[PDB]
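Cβ atoms come from the backbone with ideal geometry, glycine included; neighbour counts cover every protein chain shown. Derivation of every value follows stated rules applied to the coordinates shown; laboratory data play no part.
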Amino acid sequence: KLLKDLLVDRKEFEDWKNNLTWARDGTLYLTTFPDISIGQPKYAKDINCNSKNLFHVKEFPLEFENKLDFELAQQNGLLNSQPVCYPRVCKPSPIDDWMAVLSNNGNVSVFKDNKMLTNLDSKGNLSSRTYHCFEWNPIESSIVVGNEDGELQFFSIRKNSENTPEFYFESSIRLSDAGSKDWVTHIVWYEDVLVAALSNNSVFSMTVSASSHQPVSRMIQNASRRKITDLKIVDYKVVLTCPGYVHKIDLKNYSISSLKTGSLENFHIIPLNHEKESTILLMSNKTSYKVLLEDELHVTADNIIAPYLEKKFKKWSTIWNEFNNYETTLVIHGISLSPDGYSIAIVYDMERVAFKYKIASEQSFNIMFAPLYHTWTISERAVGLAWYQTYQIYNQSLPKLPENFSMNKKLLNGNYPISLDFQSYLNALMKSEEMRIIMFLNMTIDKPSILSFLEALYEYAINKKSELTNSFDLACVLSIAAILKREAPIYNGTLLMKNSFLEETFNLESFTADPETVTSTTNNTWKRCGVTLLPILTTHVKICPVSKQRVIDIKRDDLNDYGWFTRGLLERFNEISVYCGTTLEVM
Amino acid sequence: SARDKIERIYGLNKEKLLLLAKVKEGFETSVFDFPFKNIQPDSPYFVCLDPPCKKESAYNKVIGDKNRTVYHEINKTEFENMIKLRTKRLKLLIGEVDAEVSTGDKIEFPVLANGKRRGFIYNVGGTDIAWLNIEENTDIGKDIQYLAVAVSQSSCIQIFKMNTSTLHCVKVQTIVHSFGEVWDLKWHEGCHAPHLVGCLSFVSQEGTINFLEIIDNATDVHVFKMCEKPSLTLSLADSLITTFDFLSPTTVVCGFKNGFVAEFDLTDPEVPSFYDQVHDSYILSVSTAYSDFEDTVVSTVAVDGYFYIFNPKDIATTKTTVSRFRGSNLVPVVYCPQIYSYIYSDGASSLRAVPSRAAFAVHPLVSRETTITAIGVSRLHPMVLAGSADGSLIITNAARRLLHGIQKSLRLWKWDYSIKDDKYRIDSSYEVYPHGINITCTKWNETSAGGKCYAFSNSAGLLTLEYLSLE
């Protein structure tokens, strides 16, 4: 039935505000105080149903810089009131491996792992330059901030100075009138349409799209004293919560419909995206339910979570052993969907009467992981272990998979775009639907295979036979030809490979002798590269955490003269596993 | 002297800084006492920062038409097997004079010694006064002012008409509620219209903040009314309100027994504009930090020990921790508007001020020996009254290094019970700092007329009032 809950020990949160996110690649992020806490995605062939073996939780210390550092607080005033910088909200990119953090001082900074990339900044004012929310572009690689002017500033990327990402200001939109300083307090960005909200709870929407179009924005709700609790967007339908209300707004046709909640204690919306049925899950500390988003809102109960939750919460009635001899409530510190949206993670806590504070470090939580449906799929919205997690959370059910797909059936249905330049050709394959399914399934089976991929590789090389004049490239395609039990080009050299301190030469023959190892001229046998099938002479490898296949780290290889084919591979798969598409770990 | 400390703490803005120029200069002399001249409108140093619940004059928008309060059965004997507050006479000792006051009596200073001080000690039904409150006012009350006194025994509210320049006064109304203990007592000030007094606000131990019209012209000097239905009762089912401050003439902030803070609209109650959790439990006090130059901001301390300042526009992004205490049962907090700072105690025995725009610049003010029980500040002057659990009122000037940036402060009174005699002593006696006694609340009159008046009660029921000087 359900995965065993994950202990998060001796952390604390600044507020009851939703501090949980679940990143594409399967990582959990909690915005705890004073550091972010991370649930590192881990692979174990078996977990006795303990989500402990899916995420190992760790402190994720970061180095926030204050762009406003030397700036005297102004219209806000509460600005640099707290000098030391710590994280408030955190949202990983839905697209790239990458993540932004709003700090307590209105800075939005972008991070690759821990190294900061660029701290978003622009124009002037200060009012203009201090932020209260940010959203990632769900379609391409950009980001939006909201500032204290009631304005949205947009940032695009490349710029580069050699392959280092780097953001820059791109455009803005004013939302409130000039003679006013309500701030932007919410931005949800979905597909082709963007919706934001202001301090005065007025709400706006636009189409940011063909960018040359200076995007026309339209107010979809008057200013109101009713503070917007949570704002999201379900297939071109905007959903707000309130104190005691839920409002829905059809962008599709421009019409509002809203329902009371009784609870009057603010609470969050979880969209149930795989419904073909415009459905959501309102959920609070106290209770929770389904709401269909037809013209009429409809409450059906199920909740598919509350069954599980109140089961756990009733069991805890021994630590208060039945009766009101104390006073208990379930506390939610965060909720987040799977990147693929098939599971749910809930950070929660359960306590009692009048409390006895209990210092900082001392205090634990639980993360519950639960499936939202009866079946799932390998979504493009998750990668690597994130898929594996869904697999596990769905009790080891294989995902759907197209009819007549089989694991040894050709990439792109055999129809290989060999006319492309090598690097486009590899992207082409990586994006392919088959590669994805194969990658995930490799996490399921005893012996990860990449044959369907290797064949595509081979058909590419062969096409350019007169251009395989590099011996590493040679040794490489020779090796591939062998695995594929397929006609190789002939050849007659040896190969010489190095590491910092030593060399081993190899006869081009001996690349066909064995799929796993190659043996040298001096009779020392080494393991193979696994992207390249080349010899491994060096500590400096990366390792795929599922297959344990070891890949040559080209970024640490000054010594060896890799040819177009062989290098183009090692560059391209320097960080991602071809076997399961999880990210490779420096060993 | 203090040139870019003041810039560091308050920002630029040639205006606000000039307000601060007037404060530094006006009261920089005033170690323990300020010249009366500096409070008058025509003074070149006059700085007066009204609270949010003026500036609009509410009334018609809030108490409007048929929300009005209710009836009045005097009978006194009615009042008495209903709020049993007496029998006894408390034995007193002022300076060296033995007196024997029963309830409803007072001792007046101008017939005491030299008879030079102005002011009295009054014996409210003692015991004790929950909170009291001088309702700032000048609008057909030449030198006449009203001050409310909340008292518990089911428990009630007394109302005093008083002269500013002689500190005479009468008890004008005794309103019996059954709201139990009542605190954060304060007058709206946006309530007026004719047909007597102003209108009055408080949280009750029933968990609701309620407002009531105080009304009764002198066709009967002293009445006994029975408030039976408040004009307005902000409430939230399953939560209980523990503290409230005004945000505008038409909105309030409040905290709850559960850690939540809400914003309520007096034109439209019941449905709170927001309701979010801020603390772990019982919120002991919440105060508003109004400034003509920054977004108004709210502070909040609880039994959890924490003390935050946030902006209601969006708490989530503004929540700022000033400090965390060893979690008192009482941590009283007020906003002292001339320095834009909150004045609060920790748990124990030290006053601190923290500017609302500079949470990092905590200045300790005083710290002595006994859990500080209450504190009073003003719109007119930067002086802080502060009453401890040892029964002692302390005055002191904010303008610490708060407008000084390179000393501290004196006691005006000290109550004392007997070690068997039944003799309560007050000590006029000067002394500078480098049960059935203590102090439950102390507040300034805050009008240009009686700006130098203040009141302070102790749990014993002895409410004393003075006009400040050099004895």
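Summary table below
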quantity	calculated
Cα-based Rg / Dmax (Å) for segment A:312-423	22.5, 76
Chain A: relative contact order as a whole-number percent, Cα under 8 Å and 6+ apart	10 percent
Rg/Rh (Cα only; Kirkwood hydrodynamic radius) as it applies to chain A	1.01
Calculated diffusion of segment A:235-289, Stokes-Einstein form, Kirkwood radius summed over Cα pairs, 10 °C and 1.306 mPa s, µm²/s	135 µm²/s
Computed over segment B:212-310, the ratio Rg/Rh where both radii use C-alpha atoms and Rh is Kirkwood	1.08
Dipole magnitude of chain B, debye to nearest 20 (Cβ charges: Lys/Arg +1, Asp/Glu -1, about Cα centre)	1120 debye
Positive dipole terminus of chain B, leading residue within B:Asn123, B:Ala262, B:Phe224 (C-beta point charges)	B:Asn123
Rh (Kirkwood; distinct C-alpha pairs) - segment B:398-450, Å	14.6 Å
Value of D in µm² per second that Stokes-Einstein yields for the protein assembly as shown, Kirkwood Rh from Cα pairs, at 10 °C (1.306 mPa s)	48 µm²/s
Computed Kirkwood radius, in angstrom, where 1/r is averaged over Cα pairs of chain B	22.6 Å
Span from the segment B:419-471 Cα centroid across to the segment A:519-587 one, whole angstrom	83 Å
Sequence-distant residues sharing a close amide H with A:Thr505 (under 5 Å, placed H)	A:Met497, A:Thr521, A:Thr522
Cα-based convex hull, segment B:309-431, per residue volume (Å³, whole number)	137 Å³
For A:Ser142, distant residues with modelled amide H under 5 Å away	A:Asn137
Shielding by partners, peptide B:265-275 (average Cβ within 10 angstrom, other chains)	4
Residue (of A:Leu62, A:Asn200, A:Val291) at the positive-pole extreme of segment A:1-397, dipole from beta-carbon charges	A:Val291
Degrees, to the nearest 10: A:451-463 long Cα axis against longest axis of chain A	60 degrees
Loop-located GluC sites (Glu not before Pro) in segment A:429-511 whose Cβ has at most 13 other Cβ within 10 Å (DSSP)	A:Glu487
In degrees, nearest ten, helix A:306-315 long axis to first principal axis of chain A (Cα)	80 degrees
Cα extents of segment A:176-243 along the three principal axes, largest first (Å)	36, 32, 15
Peptide A:13-26 - average C-beta neighbours from other chains (10 Å radius)	2
Net charge over other residues, Cβ less than 10 angstrom from the Cβ of A:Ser211 (K, R count +1; D, E count -1)	-2
Sequence ranges A:543-551, B:107-115, A:369-377, B:372-380, ranked by mean other-Cβ count within 10 angstrom, highest first	B:372-380, A:543-551, A:369-377, B:107-115
Top positive-direction residue, dipole computed over segment B:270-323 with Cβ charges, set B:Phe274, B:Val303, B:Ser287	B:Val303
Span from the segment B:48-88 Cα centroid across to the segment B:116-192 one, whole angstrom	11 Å
Rg ratio (alpha-carbon, reference 2.2 N^0.38 Å) - segment B:50-117	1.93
Geometric extent, Cα atoms of segment A:395-437 - Rg, Dmax (angstrom)	12.6, 43
